[PDB]
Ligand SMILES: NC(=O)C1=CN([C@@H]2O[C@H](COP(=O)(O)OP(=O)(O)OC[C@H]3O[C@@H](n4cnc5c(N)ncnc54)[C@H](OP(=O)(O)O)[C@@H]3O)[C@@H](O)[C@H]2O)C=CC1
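Presented below, as structure tokens, is a lone chain in the form deposited without the ligand.
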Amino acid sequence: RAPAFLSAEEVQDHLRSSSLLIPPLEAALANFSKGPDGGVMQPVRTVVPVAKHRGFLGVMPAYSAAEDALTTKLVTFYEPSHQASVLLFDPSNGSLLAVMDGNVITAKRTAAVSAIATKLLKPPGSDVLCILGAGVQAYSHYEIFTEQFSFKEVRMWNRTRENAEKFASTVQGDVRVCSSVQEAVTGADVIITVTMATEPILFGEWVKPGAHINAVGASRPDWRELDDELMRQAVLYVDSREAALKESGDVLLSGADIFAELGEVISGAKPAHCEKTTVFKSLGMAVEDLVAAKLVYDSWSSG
């Protein structure tokens, strides 16, 4: 029997509520971090180079025993530039139940993991939010952050100012567009770096002590968003230690020590040092995509 096909529009209609998405993501992160005691099977991503066209195909299968869900995300990146599809299988008989868009899931799931980390890691008296970058991830983060948290001031810097200005006028609340990374981050309590810089743009010397940084961009071993002082002096949280030590250049080039996985903090195995300067380095994980995709399918197929 043919699978259902769920377009980007159909996916977004079944993922309007972050409050429905955050809890299973917290469960998934915690379970992943339990490893062999947690029921998640998430093998290393396989990437197949298509050199003749300057492209990559990535494949990210995952199974969650706890939710009883089997998925595979297939993503292509080409120098939209990122295109993703999520496959959802019936875990009891292997049948292919759905092929759905993966871009929306990725935007929403990444923003949601960042919010979870920020809930746990932001300092006392978190009044200022700063966003570095102005693309898809800046929008999805802005959406969930301004609804989950109460910020007095939201600031933005982008490599090209015109795009930050467009962002600012499009979006509902007030956002202060800044001339530099420096101006944007000075006095900021929470920082979101959703950028395509390959060399450090955020320097530890500008960071307010106790600030929390969700570092989302620079998902290659040679690419960095953050300097050595910031990566070495902050308490460093990640989603996956294995993935970070293979894929994150901020981690690898700085030589920084990983304190914990976010899932270890959710489960109580590791403390949330929200008083100290913190970096959450997000790479993304197949089980996060699994969680959102399951949530989309169960919603679509019933209500």
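Residues carry their position along the shown sequence, with the first being 1.
Another form exists, solved in complex with the ligand; not displayed. Remarks below refer to it.
Asker: Looking at 185, 194, 112, 86 here, can you tell me which has any non-hydrogen atom within 4.5 angstroms of the ligand in the deposited complex?
Answerer: Contact check passes for 194.
Asker: Out of 82, 166, 176, 119, which one falls within 4.5 Å of the ligand in the deposited complex, going by heavy atoms?
Answerer: By the 4.5 Å heavy-atom cutoff, the listed residue in contact is 82.
Asker: Should residue 217 be counted as a contact of the ligand in the deposited complex, where contact means heavy atoms within 4.5 Å?
Answerer: Because a heavy atom of residue 217 falls inside 4.5 Å of the ligand in the deposited complex, the answer is yes.
Asker: Would you please decide whether residue 95 lies within 4.5 angstroms of the ligand in the deposited complex, comparing each non-hydrogen atom pair?
Answerer: Answer no; every heavy atom of residue 95 is more than 4.5 Å from the ligand in the deposited complex.
Asker: Would residue 283 sit within 4.5 Å of the ligand in the deposited complex, counting heavy atoms only?
Answerer: Residue 283: contacts the ligand in the deposited complex.
Asker: Residue-level question: is residue 158 within 4.5 Å of the ligand in the deposited complex, judged on heavy atoms?
Answerer: Heavy-atom contact with the ligand at 4.5 Å: present for residue 158.
Asker: Where does the ligand sit in the deposited complex: which of 202 to 210, 121 to 129, 136 to 144, 87 to 95, heavy atoms within 4.5 Å?
Answerer: One stretch meets the cut-off, namely 136 to 144.
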